[PDB]
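Peer 1: If you scroll down you'll find the structure; I have some questions about it.
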Protein chains: 2
Amino acid sequence: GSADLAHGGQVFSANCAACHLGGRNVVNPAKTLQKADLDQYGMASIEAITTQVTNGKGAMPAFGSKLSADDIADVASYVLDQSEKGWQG
Amino acid sequence: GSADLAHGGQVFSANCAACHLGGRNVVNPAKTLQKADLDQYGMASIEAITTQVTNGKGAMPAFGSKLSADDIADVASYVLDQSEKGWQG
Ligand code: HEC
Ligand code: HEC
């Protein structure tokens, strides 16, 4: 799949930063995008992130109608990369 | 439509309070459930609220498949009532 990290960061800024700026989670600080939280909840994979972005979960909206498959693959790759590098912001 | 306020408050607690506790908006503080904001954005009517709950908007998830139409009508009635009276919490 698509794994354009820089484009993923753009998708992230346009669609995810409202709730996950800097890798946080303003709606649920127990479920951030930080490595330990992704690991805790089985979310440290492209497949898991793609599914949740596409379909939504709980208070997280779905993005499948607004974003292309490549947009979602890119943002998933961006999230996982940032979690491995330690987020900033 | 259904206008069971106390049931609407239960729907609100289970589905909306993660983001709108006390009539606020943790994601976008310019778009709270306070009367002045609902009035400003044309959201101070039952159908405006039911439509946005049903379809989602921006970072707000959709609920149209997860809640019955009466649940959505009840939560809209609760939101309007609380907004007009003044929220607590
Ligand atoms: C606020 C309305 C959000 C938007 C915009 C985005 N996300 Fe989200 N995210 C939000 C919540 C409330 C949760 C927890 C959902 C639940 O009940 O389980 C999440 C969770 C995630 C996760 C998992 C994090 C973890 O388990 O620790 C990921 C990987 C994630 N969100 C990614 C993500 C993306 C890539 C977004 C933009 C397309 C995005 N989220 C937006 C709230 C919100
Ligand atoms: C966090 C993930 C949210 C959940 C859960 C609920 N809402 Fe929401 N709401 C949220 C956002 C980010 C916004 C702004 C959307 C935009 O881009 O315009 C809203 C907005 C509303 C409004 C309008 C408020 C206003 O115009 O001032 C209403 C009436 C509203 N939300 C109601 C509502 C209901 C009843 C919910 C539970 C079913 C609900 N919201 C959940 C974020 C979130």
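Counting neighbours? That spans all protein chains shown, and the Cβs are built from the backbone with ideal geometry, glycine included. Where a number appears in this text, it was derived from the coordinates with a stated rule and is not lab data.
Peer 1: Please go through segment B:1-27 and give me each residue that is surrounded by 20 or more Cβ atoms within 10 Å (Cβ to Cβ) and within 10 Å of another protein chain (Cβ to nearest Cβ), ordered by number.
Peer 2: B:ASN15, B:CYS16
Peer 1: For segment A:75-89, name all the residues that are within 10 Å of ligand 1 (Cβ to nearest atom) and not polar (S, T, N, Q).
Peer 2: Within segment A:75-89, A:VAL75, A:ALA76, A:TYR78, A:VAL79, A:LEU80 meet the criteria.
Peer 1: Among the residues in segment B:44-60, are any closer than 23 Å to A:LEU21 by Cα, touching a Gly at 6+ places or on another chain (Cβ under 6 Å), within 11 Å of another protein chain (Cβ to nearest Cβ) and of a type outside the set (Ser, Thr, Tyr)? It would help to see each step written out before you state the result.
Peer 2: Here is the first cut: in segment B:44-60, the residues closer than 23 Å to A:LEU21 by Cα are B:56-60.
Imposing the further condition that a residue be touching a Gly at 6+ places or on another chain (Cβ under 6 Å) reduces the set to none.
Checked against the condition, which is being closer than 23 Å to A:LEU21 by Cα, touching a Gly at 6+ places or on another chain (Cβ under 6 Å), within 11 Å of another protein chain (Cβ to nearest Cβ) and of a type outside the set (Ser, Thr, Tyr), segment B:44-60 yields no hits at all.
Peer 1: For segment B:28-40, enumerate the residues that are within 13 Å of chain A (Cβ to nearest Cβ) and either within 7 Å of ligand 2 (Cβ to nearest atom) or among the aromatic types (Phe, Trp, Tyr) (or both). Show your work before the answer.
Peer 2: Going residue by residue through segment B:28-40, those that are within 13 Å of chain A (Cβ to nearest Cβ) are B:28-31.
Scanning segment B:28-40 gives B:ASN28, B:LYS31.
Peer 1: Another one. Could you check segment A:52-89 and list, in sequence order, the residues that are of a type in the set (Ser, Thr, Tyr) and not in a loop (DSSP other than H, G, I, E, B)? Explain how you work it out, then say what you get.
Peer 2: Let us first name the residues in segment A:52-89 that are of a type in the set (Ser, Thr, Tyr), namely A:54, A:65, A:68, A:77-78, A:83.
Those that are of a type in the set (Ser, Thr, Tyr) and not in a loop (DSSP other than H, G, I, E, B): A:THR54, A:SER77, A:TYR78, A:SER83.
Peer 1: Let me ask something else. Looking at A:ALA3 and the list (1) assigned to a helix (DSSP H, G or I); (2) more than 10 Å from ligand 1 (Cβ to nearest atom), which single condition is not satisfied?
Peer 2: (1)
Peer 1: Another one. Residues that are among the basic types (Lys, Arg) and either within 14 Å of chain B (Cβ to nearest Cβ) or under 29 Å from B:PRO29 (Cβ atoms) (or both): does segment A:69-88 have at least one?
Peer 2: Taking segment A:69-88 first, the residues among the basic types (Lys, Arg) are A:85.
With either within 14 Å of chain B (Cβ to nearest Cβ) or under 29 Å from B:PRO29 (Cβ atoms) (or both) added as a condition, the list becomes none.
No, segment A:69-88 contains no residue that is among the basic types (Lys, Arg) and either within 14 Å of chain B (Cβ to nearest Cβ) or under 29 Å from B:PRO29 (Cβ atoms) (or both).
Peer 1: Count, please, the residues in segment A:2-37 that happen to be over 22 Å from A:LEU67 (Cα atoms), of a type outside the set (D, E, K, R) and in contact (Cβ under 8 Å) with a residue 12 or more places away in the chain.
Peer 2: Residues flagged as over 22 Å from A:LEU67 (Cα atoms), of a type outside the set (D, E, K, R) and in contact (Cβ under 8 Å) with a residue 12 or more places away in the chain within segment A:2-37 amount to 2.
Peer 1: Same structure again: Could you count how many residues in segment A:14-71 are near ligand 1 (Cβ under 9 Å from one of its atoms), under 17 Å from A:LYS85 (Cβ atoms) and among the β-branched types (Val, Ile, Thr)?
Peer 2: 2
Peer 1: For segment B:41-49, state whether one or more residues are under 25 Å from A:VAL26 (Cα atoms), aromatic (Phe, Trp, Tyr) and either under 12 Å from the mean Cα position of the chain (by Cα) or more than 10 Å from ligand 2 (Cβ to nearest atom) (or both).
Peer 2: Pass one, segment B:41-49, residues under 25 Å from A:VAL26 (Cα atoms): B:41, B:43, B:49.
Filter once more, so that each one left must be aromatic (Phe, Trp, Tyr): B:41.
In the following step, the residues that additionally are either under 12 Å from the mean Cα position of the chain (by Cα) or more than 10 Å from ligand 2 (Cβ to nearest atom) (or both) were identified as none.
No, segment B:41-49 contains no residue that is under 25 Å from A:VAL26 (Cα atoms), aromatic (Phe, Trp, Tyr) and either under 12 Å from the mean Cα position of the chain (by Cα) or more than 10 Å from ligand 2 (Cβ to nearest atom) (or both).
Peer 1: Please count how many residues of segment B:45-75 are without any contact (Cβ under 8 Å) to a residue 40 or more places away in the chain and basic (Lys, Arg).
Peer 2: Adding up the residues that qualify gives 1.
Peer 1: Of a type in the set (A, V, I, L, M, F, W, C), within 16 Å of ligand 2 (Cβ to nearest atom) and assigned to a loop (DSSP other than H, G, I, E, B): is that true of A:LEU21 in this structure? Walk me through it before giving the result.
Peer 2: On the way: of a type in the set (A, V, I, L, M, F, W, C): yes; within 16 Å of ligand 2 (Cβ to nearest atom): yes; assigned to a loop (DSSP other than H, G, I, E, B): no.
Criteria not met by A:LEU21.
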